[PDB]
Amino acid sequence: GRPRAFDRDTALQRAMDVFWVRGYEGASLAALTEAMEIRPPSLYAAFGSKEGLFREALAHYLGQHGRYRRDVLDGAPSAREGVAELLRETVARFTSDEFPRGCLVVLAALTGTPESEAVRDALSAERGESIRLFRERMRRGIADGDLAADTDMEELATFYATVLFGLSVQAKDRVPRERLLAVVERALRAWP
Amino acid sequence: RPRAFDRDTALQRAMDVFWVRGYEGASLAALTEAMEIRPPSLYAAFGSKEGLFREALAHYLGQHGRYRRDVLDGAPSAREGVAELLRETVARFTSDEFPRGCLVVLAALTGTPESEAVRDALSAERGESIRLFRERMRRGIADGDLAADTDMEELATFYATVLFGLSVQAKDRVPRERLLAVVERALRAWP
DNA sequence: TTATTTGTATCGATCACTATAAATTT
DNA sequence: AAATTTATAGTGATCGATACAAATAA
């Protein structure tokens with residue numbers, strides 16, 4: 001067939017930014033096409049629909065802005081330092097001038113119309129993973145000796161995931177990076 | 001002609017639609033069908049979808065935001081104030097009488113530029129949450145249950161962060177026991 | 001062919017919102 | 001009657017999603 005006249009991954013990144021800022025439903029087809037510099041028929045050719053475009057953009061976001069999460073967790077000598085460096089780097093990215101403020105998974109679709117309930121549920125599932133990720137590192141901690149064997153791994157994981165989701169909301173509110181880092185250290189104070 | 005609907009009950013229904021669907025996600029169809037009124041009546045009473053949301057937000061704050069300051073000021077220490085506030089808030093977030101999560105956090109975090117006002121409004125209210133903590137801690141400094149050199153803005157922001165995160169978690173159907181454990185864990189960070 | 005993409009033109013449905021007039025009070 | 005609030009029906013605009021034919025490949 002005719003060769004594609006646009007980079008698919010670049011269009012995915014630009015569609016991902018529009019979602020990151022306006023949310024799944026707030027990002028209209030007009031705003032998407034104007035940012036991806038393509039036309040609606042070209043979009044539906046490639047991606048399939050707004051829902052499908054968002055699922056590809058979320059998969060792309062998790063592979064580009066979700067890699068550092070597991071990398072800094074497993075790259076620390078202790079589970080506490082893993083959680084510490086993860087929260088610090090997550091605040092650095094939430095407050096960086098290169099990326100939109102906050103996490104896409106948290107801000108994109110918390111509520112909305114029934115039509116998007118699938119998208120919403122999808123994001124919810126990903127938030128669940130944010131807990132499991134924490135838990136897994138803590139598990140390794142228990143094996144490494146830096147964490148007690150009887151610690152409630154899912155309680156700590158849920159707590160630090162709660163702090164993570166709260167940090168997205170605070171970063172959307174333009175809370176200074178210094179105060180968000182102070183919040184991270186305060187949250188680390190709650191470690192057993 | 002007498003109006004065929006009570007304004008406060010219509011605001012109740014409208015705020016429920018906003019609580020589940022958010023500001024832009026709540027269409028006029030879903031709003032009018034829940035309030036059991038017609039679009040001309042809605043626009044004569046409130047003037048605009050944004051006006052309806054502002055009235056519903058004021059009503060929601062007078063109904064589900066008045067207890068915050070009362071529970072904070074009703075405790076002997078700032079620690080117990082924050083503790084009982086978080087525990088009560090979890091109890092409401094996990095009850096089946098109200099939609100799970102706080103409306104101020106869930107209604108509009110992102111959206112179209114056209115709704116910038118609404119979002120900013122909610123943001124302001126979120127700020128007040130921090131203030132509600134800060135003020136109490138100030139009293140805690142005077143009463144002597146909090147150190148004078150306590151970094152209040154870090155502590156207030158931390159517990160407000162936990163509060164906003166609890167709204168998100170309550171939306172994700174996290175059980176009440178898990179959220180209560182999260183609160184008791186967040187209290188361990190207290191100085 | 002045989003197939004696929006691209007730009008122009010939309011499609012019906014739904015959005016927030018309202019002009020007009022009947023209905024219901026004093 | 002006079003003063004409001006309804007209900008009907010529909011406003012332009014925009015929503016996500018497409019025909020259609022020209023355009024570019026195997």
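We did not get these values from a lab; they are worked out from the coordinates using the rules stated. Don't worry about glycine lacking a Cβ; one is built from the backbone with ideal geometry, like all the others, and counts go over all protein chains shown.
Quick notes
- When we screen A:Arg93, A:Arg55, A:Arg69, A:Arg80 for residues that are more than 16 Å from DNA strand C (Cβ to nearest atom), charged (D, E, K, R) and within 14 Å of chain B (Cβ to nearest Cβ), the only hit is A:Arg80.
- Tally of residues being in contact (Cβ under 8 Å) with a residue 24 or more places away in the chain and farther than 19 Å from A:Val169 by Cα across region A:93-116: 2
- Test: B:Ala147 is of a type in the set (A, V, I, L, M, F, W, C), more than 9 Å from chain A (Cβ to nearest Cβ) and not in a helix (DSSP H, G or I): yes
- Identification of helices (runs of 4 or more DSSP H) wholly contained in region A:1-92 with 2 or more residues that are in contact (Cβ under 8 Å) with a residue 40 or more places away in the chain yields A:8-26, A:50-64, A:67-74.
- Region A:1-28: number of residues that are surrounded by 14 or more Cβ atoms within 10 Å (Cβ to Cβ) and either within 25 Å of B:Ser27 (Cα to Cα) or among the small types (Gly, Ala, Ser) (or both): 12
- Search result, residues across region B:129-151 that are closer than 17 Å to B:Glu80 by Cβ and among the hydrophobic types (A, V, I, L, M, F, W, C): B:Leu132, B:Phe133, B:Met137, B:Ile141, B:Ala142, B:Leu146, B:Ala147
- Scope region A:162-180; condition out of contact with any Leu (no Cβ under 9 Å at 6 or more places or on another chain), assigned to a helix (DSSP H, G or I) and either without any contact (Cβ under 8 Å) to a residue 40 or more places away in the chain or facing chain B (nearest Cβ under 7 Å) (or both); matching residues: A:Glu178, A:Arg179
- Screening region B:43-52 for residues that are aliphatic (A, V, I, L, M) and in contact with a helix residue (DSSP H, G or I) (Cβ under 9 Å, 6 or more places away or on another chain) and picking the one that is nearest to DNA strand C (Cβ to nearest atom) gives B:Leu52.
- Each residue in region A:150-161 was checked for being at the interface with another protein chain (Cβ under 8 Å from one of its Cβ atoms) and under 18 Å from the mean Cα position of the chain (by Cα), and 3 of them qualify.
- Count - residues of region A:29-54 that are surrounded by fewer than 16 Cβ atoms within 10 Å (Cβ to Cβ) and either within 21 Å of the chain's Cα centre (by Cα) or away from DNA strand D (no atom under 12 Å from the Cβ) (or both): 3
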